[PDB]
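Line by line, the protein sequences give chains A, G, F, E, D, C and B. When we follow PDB author numbering, the leftmost residue of the first sequence carries the number 19, and every step to the right adds one. When we follow PDB author numbering, the leftmost residue of the second sequence carries the number 19, and every step to the right adds one. When we follow PDB author numbering, the leftmost residue of the third sequence carries the number 18, and every step to the right adds one. When we follow PDB author numbering, the leftmost residue of the fourth sequence carries the number 19, and every step to the right adds one. When we follow PDB author numbering, the leftmost residue of the fifth sequence carries the number 19, and every step to the right adds one. When we follow PDB author numbering, the leftmost residue of the sixth sequence carries the number 19, and every step to the right adds one. When we follow PDB author numbering, the leftmost residue of the seventh sequence carries the number 18, and every step to the right adds one. For reference, the structure discussed in these notes is given below.
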Amino acid sequence: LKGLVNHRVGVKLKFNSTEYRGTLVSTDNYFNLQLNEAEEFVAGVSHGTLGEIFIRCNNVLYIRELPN
Amino acid sequence: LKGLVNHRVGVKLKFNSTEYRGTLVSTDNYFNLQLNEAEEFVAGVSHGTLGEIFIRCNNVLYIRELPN
Amino acid sequence: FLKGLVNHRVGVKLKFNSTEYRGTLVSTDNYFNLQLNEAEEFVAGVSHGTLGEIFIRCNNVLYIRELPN
Amino acid sequence: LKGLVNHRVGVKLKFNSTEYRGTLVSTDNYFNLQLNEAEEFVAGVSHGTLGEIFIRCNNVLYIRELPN
Amino acid sequence: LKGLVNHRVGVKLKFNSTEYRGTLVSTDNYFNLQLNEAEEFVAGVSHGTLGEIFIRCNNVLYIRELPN
Amino acid sequence: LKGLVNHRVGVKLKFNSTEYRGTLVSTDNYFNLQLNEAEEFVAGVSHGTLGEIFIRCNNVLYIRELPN
Amino acid sequence: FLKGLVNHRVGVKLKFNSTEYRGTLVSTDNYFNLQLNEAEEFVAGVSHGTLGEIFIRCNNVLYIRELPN
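Here it is as structure tokens:
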């Protein structure tokens, strides 16, 4: 996962279809991650900008690299 | 995460759309945290002040810093 | 953590429903497994009775607060 | 928790409104407990006697001491 | 729990009202247990024999000794 | 659990009534097991053959030995 | 411990729904935390799109299988 630090990513949660997008500032094996300039996406539509958020592994389905 | 100690944060839970906002007094890797002058928000509307609360990691979706 | 709340009149809110157990926090441990004395069950803010000493399990706990003096 | 051994206790489960009452034979930190002369109670009504049961922590909401 | 080895027990699951009945061959702290000549019971009715099954703690609410 | 290696088994899941049938290639205390020649059974009706599949403990209810 | 599948075309089926992510398993570890490349989302057997490289958490995983070429 460290290969995605300082990259634009999207974190998808288990429930609903919400995706947090931002820059991956940091993380840990535990999949606990810090996201900078995060923006909440629901079914692909922005529902706003949170600032920096710290997200818990458990709620996470997967992480992907947002496209260039 | 300790970077947020003494800051004004918002803890969002997995279920509903409830957020607890207050000052983050203390924490630990376990994402168990102490929140001072906590106020419970339901869909962004205040439903009251709790005092000092101690919140368990499992119920937390993420944490953010409340805009200054 | 919680050790600061021992001997304090506390409210323990569960994840499900709107039930809060109020009592004196006798003891705890990192695991958020706690012993409440003089526990009184509250449903939607309404007393549904007094249990005695109860031993509650972290898991079901949403948060714990300090009841207003 | 060992202060209740050999006491008449009630074990309340997470789901339903079922509680098992009996004599707490033994235990361990894990809240895995041994109940003797356990009787199942649904909404406060006896649904019969189990014998010895070994209960698992997880399903446990709380344990109380039954009125002498 | 090893006190029930070689006894006739019932393993009740969290969900439903299924109980697996059989003879407790072996176990471990983890409540992972081996059942021999296991028979599945739904609401107290047999729905058939499984042979030997290995059951996982989690799915377990409790274990009881079947009346001799 | 290792006594079932190379045996023909059925892995039942917590949810639905789905059982994965196949040969138990390997395992570990964690109940994470590798199945060969896995066939998906839904209410006792085959819905197709999977190849080799790796199953995660959590979703598992029990493991049984398919009658020789 | 499921290192026999690396560089193999796999399917990751989640617990909930009937979604399977298909791709090449780049890397992993005991924890069943896995890295999938050229991942494609399949709902009831129908492609709903390509994701890039995605990193999947164990918990949501029901099982993994080898894709049949």
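Ideal Cβ placement from N, Cα and C applies to all residues, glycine included.
Nearest candidate by alpha-carbon position, reference residue i, set the options
i              : options                    : result
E55 of chain A : A:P85, A:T36, A:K32, A:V27 : A:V27
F72 of chain F : E:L53, E:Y80, E:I73        : E:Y80
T45 of chain D : D:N77, D:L19, D:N86        : D:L19
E83 of chain F : G:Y48, G:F33, G:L68        : G:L68
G21 of chain B : C:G66, C:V43, C:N77, C:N76 : C:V43
8 Å Cβ shell around residue i - same chain, five flanking residues per side excluded
i              : result
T41 of chain D : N24, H25, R26, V27, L53, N54, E55
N86 of chain D : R26
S64 of chain E : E57, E58
Cutoff 6 Å; reference residue i; Cβ partners in own chain excluding five residues on either side
i              : result
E37 of chain C : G28, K30, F59
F33 of chain B : none
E70 of chain B : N54
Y48 of chain G : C75
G66 of chain G : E58
Neighbour flag for residue i against chain D, beta carbons, 8 Å
i              : result
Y38 of chain C : no
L19 of chain C : yes
Closer than 8 Å to chain F by CB, residue i
i              : result
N47 of chain G : no
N50 of chain G : yes
Residues near residue i by beta carbon distance below 7 Å, same chain, minus five either side
i              : result
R74 of chain B : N50
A61 of chain C : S35
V78 of chain D : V29, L31, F49
Contact with chain B by residue i, beta-carbon distance below 8 Å
i              : result
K32 of chain A : yes
is_contact[residue i, chain A] using C-beta, thresh 8 Å
i              : result
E57 of chain G : no
Proximity test, Cβ basis, 8 Å: residue i and chain G
i              : result
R26 of chain F : no
Against chain G, which members of the region 66-78 of chain A pass a CB distance test of less than 8 Å?
If the cut-off is 8 Å between Cβ atoms, the region 66-78 of chain A has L68, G69, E70, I71, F72, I73, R74, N76, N77 near chain G.
Segments of 3+ residues assigned as beta strand (DSSP E) that fall wholly inside the region 26-85 of chain D:
The region 26-85 of chain D contains these whole beta strand (DSSP E) runs: 26-31, 36-42, 51-60, 63-67, 71-73, 78-83.
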